[PDB]
Amino acid sequence: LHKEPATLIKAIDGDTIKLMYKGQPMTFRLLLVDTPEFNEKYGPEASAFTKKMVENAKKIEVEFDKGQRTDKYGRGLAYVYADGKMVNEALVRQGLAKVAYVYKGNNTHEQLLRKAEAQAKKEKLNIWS
Ligand SMILES: Cc1cn([C@H]2C[C@H](OP(=O)(O)O)[C@@H](COP(=O)(O)O)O2)c(=O)[nH]c1=O
Ligand SMILES: [Ca+2]
């Protein structure tokens, strides 16, 4: 897989971000994770975590997987990086997202994220507390 450039348009919530990609505004949904909705427990914390991570970043990138690049809502499906750190993994490591929505053929980073989730669970962080 390979990283491509994007720029932040607006934080939305823990697992969706509005980015400009190839010059076009798009909502991206983070592959292989599920944050709580803003109205659920840890929802506000997830949103703030993602927001901080993408607003502080000098460089945003998106990485598509091998399979579908947009979902049925027209959201881009990618791993999103902030100054080289994957947001998807960072949410999971902090106990602010569960590994989820693992579809065959868009699951390149599945085991990386499951290792993060195991460590968040051992530490009893956030969702796992
Ligand atoms: C993460 C992801 C979500 N989706 C769809 C499945 C779910 O459909 P439903 O809307 O029918 O529940 C929805 C979950 O996204 P949200 O967690 O953003 O609601 O997005 C995909 O199709 N592919 C994906 O890779
Ligand atoms: Ca969600």
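Following Swiss-Prot, chain A residues are numbered 89-127, 134-223, in order.
Looks like X-ray crystallography, 1.6 Å, at least that's what the header says.
Placed from the backbone N, Cα and C atoms, the Cβ positions cover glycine too.
Look at Swiss-Prot and you will find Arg117, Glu125, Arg169 tagged as active site, backed by experimental evidence. Positions annotated as Ca(2+) binding site by Swiss-Prot: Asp103, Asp122, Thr123.
Taking the recorded positions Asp103, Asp122, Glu125 in turn, the residue surrounded by the fewest other Cβ atoms inside 10 Å of its Cβ turns out to be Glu125.
If you compare Cα positions, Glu125 (active site) sits closest to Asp103 out of the recorded positions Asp103, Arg117, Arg169. Taken residue by residue with DSSP, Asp103 (Ca(2+) binding site) is part of neither helix nor strand, so it is coil. Taking a Cβ cut-off of under 6 Å from any atom of ligand 1, the recorded positions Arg117, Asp122, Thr123, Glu125, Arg169 reduce to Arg117, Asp122. Most Cβ neighbours within 10 Å, among the active-site residues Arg117, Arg169: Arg117 holds that distinction in the structure as shown.
The Ca(2+) site, placed at the center of the C-beta atoms of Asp103, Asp122, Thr123, has further neighbours from the same chain whose C-beta lies within 8 angstroms: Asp101, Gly102, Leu118, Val121, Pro124, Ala140, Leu185, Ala191, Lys192, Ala194.
Using a 10 Å Cβ-Cβ cutoff, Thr123 (Ca(2+) binding site) registers 25 neighbours. Of the recorded residues, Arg169 (active site) and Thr123 (Ca(2+) binding site) place their C-alpha atoms 16 Å from one another.
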